[PDB]
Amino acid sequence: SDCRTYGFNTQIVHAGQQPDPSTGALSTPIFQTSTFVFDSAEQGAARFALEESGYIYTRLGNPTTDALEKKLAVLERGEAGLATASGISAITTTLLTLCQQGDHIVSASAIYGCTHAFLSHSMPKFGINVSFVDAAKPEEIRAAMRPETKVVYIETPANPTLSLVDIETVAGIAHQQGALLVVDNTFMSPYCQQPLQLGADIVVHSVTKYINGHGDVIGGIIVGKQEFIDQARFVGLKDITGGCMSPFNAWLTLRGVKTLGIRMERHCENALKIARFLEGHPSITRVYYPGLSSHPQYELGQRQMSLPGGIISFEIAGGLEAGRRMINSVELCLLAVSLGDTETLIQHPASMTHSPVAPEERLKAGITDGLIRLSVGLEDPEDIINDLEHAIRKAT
């Protein structure tokens, strides 16, 4: 039939893919090639014109990567997809395609660190100015908009405390003032949140996280209107960032996304159990998780997200020293800075990634001395809880 007609799990498995036309091979072939050959001068001209369709050169497009792009377009309910070398490249290819010197961007403050660095330091050096606001307060977004504003940029949920942003409301504000809304949907995946359905114009992911899910691919994806995606591909990627995805990486991501539905269900089932355990623990001062009713934006979360996610942050009694002791005491959770893998990952920003940052400047960023971030994996939740309880008990 048409792949956009089936159920979401069916789409996860089938969308964008079909048996190879030449051989019937079920798995999408890995077209690990740079070069494509033309049958005639005319065929080469047709493709190039670009009157006609077909492949030319992997930087421009590739059959393996095309399958991934089409699948994610289907999953996000967008027109077209564009794969990239990294989540960062997805974000910068998008914004550098849309903006030029003199343009303006309104961005959430609570965003991925490397994204913040790009917006804070790199963009202004190209004459593109950025205003940072608390996107949990839609009025601050409105107030920051200028005649030059081309884009409003948000993440939800957001690090490090998993605060939310009302996508539908922000979309309405952005659009009334003539701007596009770009949403980083990395944390949720299309299985749990669909920003385009809520009015966003463009969605970006680091597929490095849940979409691939297996901790072995760095990559990104952009989904949006065909007209925009074509510009992101034939100008942004081709000319500006050069951030194309390797066919092998696309193939692995296609392979990983096959289990997206069942992975997200288990990630979130596990996370809710662990979140409730942490909330009941007298040594834990705070637990940040959209699935707990005490979450400041709980009802918004229930309307906007189909599941509360696989990520939890929490504060351990005793601040920095307690946090360091705790992470040094886990036996199962692994100390690392990524998320959305099949293994449970844990990190303590104050002692690990922000040790040199001013204590008072971290607090401003929302990073307290006792804040721990946990990416819940596919292990038995009882084992993860036991490991956490063991480490917490020791640390406090």
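Note that residue numbering begins at 1 and tracks the sequence as displayed.
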Quiz item: Checking the other entries of this protein that model its neighbours, is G54 missing in at least a third?
Solution: yes
Exercise. For the higher mean C-alpha B factor in the entry, choose 45-53 or 65-73.
Key: 45-53
Practice problem: With reference to the PDB entry, specify whether the mean Cα temperature factor is higher for 219-227 or for 122-130. | Solution: 122-130
Quiz prompt | Top Cα B factor in the deposited entry, candidates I262, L96, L320, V165 | solution = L320
Quiz item: Highest CA temperature factor in the entry: which of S338, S34, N328, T342?
Solution: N328
Quiz item: According to the PDB entry, is the CA B factor of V204 in the bottom, middle or top third of its chain, that is, lowest, middle or highest?
Solution: lowest
Quiz item: Considering only modelled residues of the same chain, in which third does the CA B-factor of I30 rank: lowest, middle or highest?
Solution: lowest
Self-check item: Within-chain third of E269 by Cα B-factor, per the entry
Solution: lowest
Practice problem: Within this chain's modelled residues, let me know which third the CA B factor of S22 belongs to: lowest, middle or highest. | Solution: highest
Quiz item: Should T285 be placed in the lowest, middle or highest third of its chain by the C-alpha B factor in the entry?
Solution: lowest
